[PDB]
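To start, the structure itself, in structure tokens.
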Amino acid sequence: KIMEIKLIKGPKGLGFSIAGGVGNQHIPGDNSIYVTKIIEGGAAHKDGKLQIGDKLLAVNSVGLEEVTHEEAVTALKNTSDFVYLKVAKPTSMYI
């Protein structure tokens with residue numbers, strides 16, 4: 001299930017780590033970007049909605065679907081302080 005998350009970029013960024021990307025599949029057969037860690041005190045932690053396992057779809061107007069890992073790293077580092085983060089919650093269990 002798809003949700004939009006509103007984040008202010010903190011001094012250290014959005015407060016979460018990612019894996020995946022085209023050429024760097026986190027899940028076998030999935031080129032998607034996944035949340036692997038939520039940083040305590042971070043903007044993502046404090047908001048409360050983003051979780052380990054979430055799939056990133058977009059960051060503001062930047063698509064994260066079928067992008068390489070470096071592309072998503074850049075998307076997330078170089079956004080505005082006002083972030084709309086679109087994510088999909090897992091159907092199965094994990095990531």
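By convention in this document, the chains of the structure tokens carry letters A, B, ... by their order, each chain's residues are numbered from 1, and ligands are numbered from 1 in the order they are shown.
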
Give the strand (DSSP E) residues of chain A, as DSSP finds them on the backbone, and put them as JSON, numbers by chain. {"A": [2, 3, 4, 5, 6, 7, 8, 16, 17, 18, 19, 20, 33, 34, 35, 36, 37, 38, 55, 56, 57, 58, 59, 62, 63, 82, 83, 84, 85, 86, 87, 88]}

Hey, can you spit out that residue selection with N, CA, C and O atoms as a compact mmCIF listing (two decimals), in the first residue's frame?
# COMPACT_ATOMS: atom_id res chain seq x y z
N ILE A 2 0.47 2.25 -0.88
CA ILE A 2 1.22 3.47 -1.17
C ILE A 2 0.88 4.63 -0.26
O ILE A 2 -0.29 5.00 -0.12
N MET A 3 1.90 5.22 0.34
CA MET A 3 1.71 6.42 1.12
C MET A 3 2.74 7.53 0.84
O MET A 3 3.88 7.27 0.46
N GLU A 4 2.29 8.77 0.99
CA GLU A 4 3.15 9.93 0.89
C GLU A 4 3.61 10.40 2.29
O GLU A 4 2.81 10.54 3.20
N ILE A 5 4.90 10.58 2.46
CA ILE A 5 5.49 10.97 3.74
C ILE A 5 6.13 12.34 3.62
O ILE A 5 6.94 12.61 2.70
N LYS A 6 5.74 13.22 4.53
CA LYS A 6 6.26 14.59 4.55
C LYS A 6 7.42 14.72 5.52
O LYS A 6 7.29 14.47 6.70
N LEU A 7 8.56 15.12 4.97
CA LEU A 7 9.81 15.22 5.70
C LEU A 7 10.49 16.57 5.49
O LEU A 7 10.56 17.09 4.37
N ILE A 8 10.99 17.11 6.58
CA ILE A 8 11.98 18.16 6.53
C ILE A 8 13.38 17.54 6.55
O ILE A 8 13.70 16.75 7.44
N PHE A 16 17.72 7.92 7.02
CA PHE A 16 17.53 6.52 6.66
C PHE A 16 18.51 6.07 5.59
O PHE A 16 19.04 6.86 4.83
N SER A 17 18.74 4.78 5.54
CA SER A 17 19.68 4.20 4.59
C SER A 17 18.89 3.37 3.59
O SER A 17 17.79 2.92 3.88
N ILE A 18 19.45 3.23 2.39
CA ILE A 18 18.80 2.46 1.32
C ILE A 18 19.73 1.36 0.76
O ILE A 18 20.94 1.43 0.89
N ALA A 19 19.11 0.34 0.18
CA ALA A 19 19.80 -0.63 -0.66
C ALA A 19 19.00 -0.79 -1.93
O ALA A 19 17.85 -0.38 -2.01
N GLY A 20 19.61 -1.41 -2.94
CA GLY A 20 18.92 -1.76 -4.19
C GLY A 20 19.34 -0.82 -5.30
O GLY A 20 20.21 0.01 -5.13
N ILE A 33 14.39 0.37 -4.74
CA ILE A 33 15.10 0.97 -3.62
C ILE A 33 14.34 0.66 -2.33
O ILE A 33 13.13 0.82 -2.26
N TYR A 34 15.07 0.18 -1.34
CA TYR A 34 14.50 -0.28 -0.09
C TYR A 34 15.13 0.40 1.09
O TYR A 34 16.35 0.66 1.10
N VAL A 35 14.30 0.67 2.09
CA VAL A 35 14.81 1.23 3.34
C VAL A 35 15.44 0.11 4.15
O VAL A 35 14.81 -0.90 4.38
N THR A 36 16.69 0.27 4.55
CA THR A 36 17.42 -0.79 5.29
C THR A 36 17.65 -0.45 6.76
O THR A 36 17.79 -1.34 7.59
N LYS A 37 17.66 0.85 7.05
CA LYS A 37 17.88 1.37 8.39
C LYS A 37 17.21 2.72 8.58
O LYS A 37 17.23 3.56 7.69
N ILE A 38 16.60 2.89 9.75
CA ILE A 38 16.04 4.16 10.19
C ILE A 38 16.95 4.67 11.29
O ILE A 38 17.17 3.98 12.29
N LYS A 55 9.55 0.37 0.16
CA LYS A 55 10.04 0.57 -1.18
C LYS A 55 9.86 2.04 -1.51
O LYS A 55 8.77 2.59 -1.31
N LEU A 56 10.94 2.67 -1.97
CA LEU A 56 10.87 4.07 -2.39
C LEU A 56 10.41 4.14 -3.83
O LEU A 56 10.95 3.43 -4.69
N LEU A 57 9.40 5.00 -4.07
CA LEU A 57 8.84 5.23 -5.39
C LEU A 57 9.31 6.53 -5.98
O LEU A 57 9.67 6.56 -7.16
N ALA A 58 9.28 7.60 -5.18
CA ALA A 58 9.70 8.94 -5.63
C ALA A 58 10.20 9.73 -4.47
O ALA A 58 9.80 9.49 -3.33
N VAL A 59 11.10 10.68 -4.74
CA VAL A 59 11.44 11.72 -3.77
C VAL A 59 11.26 13.08 -4.42
O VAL A 59 11.92 13.38 -5.41
N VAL A 62 11.37 13.26 -8.21
CA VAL A 62 12.35 12.29 -8.71
C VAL A 62 11.87 10.83 -8.52
O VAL A 62 11.73 10.37 -7.39
N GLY A 63 11.62 10.13 -9.62
CA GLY A 63 11.26 8.75 -9.57
C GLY A 63 12.42 7.93 -9.04
O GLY A 63 13.57 8.18 -9.41
N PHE A 82 12.20 20.46 2.03
CA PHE A 82 10.81 20.05 2.07
C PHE A 82 10.65 18.87 1.12
O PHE A 82 10.58 19.04 -0.10
N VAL A 83 10.58 17.68 1.70
CA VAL A 83 10.49 16.44 0.95
C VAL A 83 9.09 15.76 1.00
O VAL A 83 8.53 15.55 2.09
N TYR A 84 8.53 15.45 -0.17
CA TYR A 84 7.46 14.45 -0.26
C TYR A 84 8.06 13.17 -0.77
O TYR A 84 8.50 13.09 -1.91
N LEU A 85 8.04 12.17 0.10
CA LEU A 85 8.60 10.89 -0.14
C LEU A 85 7.45 9.91 -0.36
O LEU A 85 6.67 9.62 0.56
N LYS A 86 7.33 9.41 -1.59
CA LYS A 86 6.35 8.40 -1.87
C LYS A 86 7.01 7.06 -1.66
O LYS A 86 8.14 6.83 -2.14
N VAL A 87 6.31 6.20 -0.91
CA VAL A 87 6.76 4.84 -0.60
C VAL A 87 5.63 3.82 -0.79
O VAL A 87 4.46 4.18 -0.76
N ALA A 88 5.99 2.56 -0.99
CA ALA A 88 5.04 1.46 -0.90
C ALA A 88 5.46 0.54 0.25
O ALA A 88 6.62 0.14 0.34

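Residues surrounding residue 68 in chain A within 9 Å are residues 20, 21, 22, 23, 24, 31, 32, 33, 64, 65, 71, 72 and 73 of chain A [only C-alpha atoms; sequence separation below 3 positions excluded].
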
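Distances from A:78, A:15, A:61, A:93 to residue 48 in chain A were compared using only C-alpha atoms, and the smallest one belongs to A:15.
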
CA of residue 40 in chain A to CA of residue 12 in chain A measures 11.7 Å
